[PDB]
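Trainee: The listed protein sequences derive, respectively, from chains A and B. Following my numbering, the numbering of the first sequence begins with 40 at its first residue and continues without gaps. Following my numbering, the numbering of the second sequence begins with -7 at its first residue and continues without gaps. We put the beta carbon where it would ideally sit given N, CA and C, even for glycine.
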Amino acid sequence: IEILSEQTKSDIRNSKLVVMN
Amino acid sequence: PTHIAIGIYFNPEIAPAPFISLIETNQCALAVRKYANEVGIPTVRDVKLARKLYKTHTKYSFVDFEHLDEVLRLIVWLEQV
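(1) Who are the Cβ neighbours of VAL36(B) in its own chain at under 7 Å, not counting the five residues just before and after it?
(2) Please state the DSSP three-state secondary structure of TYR52(B).
(3) Check the DSSP bridge columns for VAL63(B) and list the partner residues they point to.
(4) Rounded to whole angstroms, what's the CA-CA distance from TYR46(B) to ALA9(B)? Just pull it up for me.
(5) Quick one: Cα of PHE2(B) to Cα of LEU43(A), how far?
(6) Please identify, using Cβ separations under 7 Å, the residues of the segment 47 to 60 of chain A that lie next to chain B, in order along the chain.
(7) Helix, strand or coil: how does DSSP classify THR47(A) here?
(8) Could you tell me whether any Cβ in chain B is nearer than 7 Å to the Cβ of residue 1(A)?
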C-alpha cells in the first residue's frame, strides 16, 4: 500500500519544511 | 479545505522568496505529513498561512512578495534551532 507517487516523495525530500493546517 | 499541506523550499542564490514544491489537500495531505515526519522533514502547523497559500498559489511557484516574510519567518526559526 503506497499512497504517494515517486515525484511527490521527491518533492517532500527536497523541501526545507511542510506547512500544514 | 479540511487538510492542507504546502511544501516549502528555499535557496537565496536564486531568489529571496521561498518556493512552493507541493500543494496537497485532505487525505493526500495527511500522507504527505506522515511521510515528511518519517523522512525527517519538519512539519509546522500554521493554519492561517496554510489556507492563504492554498487560496493564492499554484504548485512549483515562488511565494509572492505579499506573503514572503510570513513564510520566511518559519525557515528562520527552524534555523535558529
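Mentor: A quick look at the data gives this:
(1) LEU66
(2) coil
(3) Paired residues: none, contrary to the question.
(4) 17 Å
(5) 23 Å
(6) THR47, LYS48, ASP50, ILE51, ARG52, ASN53, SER54, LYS55, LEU56, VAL57, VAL58, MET59, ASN60
(7) helix
(8) Since the first residue shown for chain A is 40 and the last is 60, residue 1(A) is missing from the structure and cannot be characterised.
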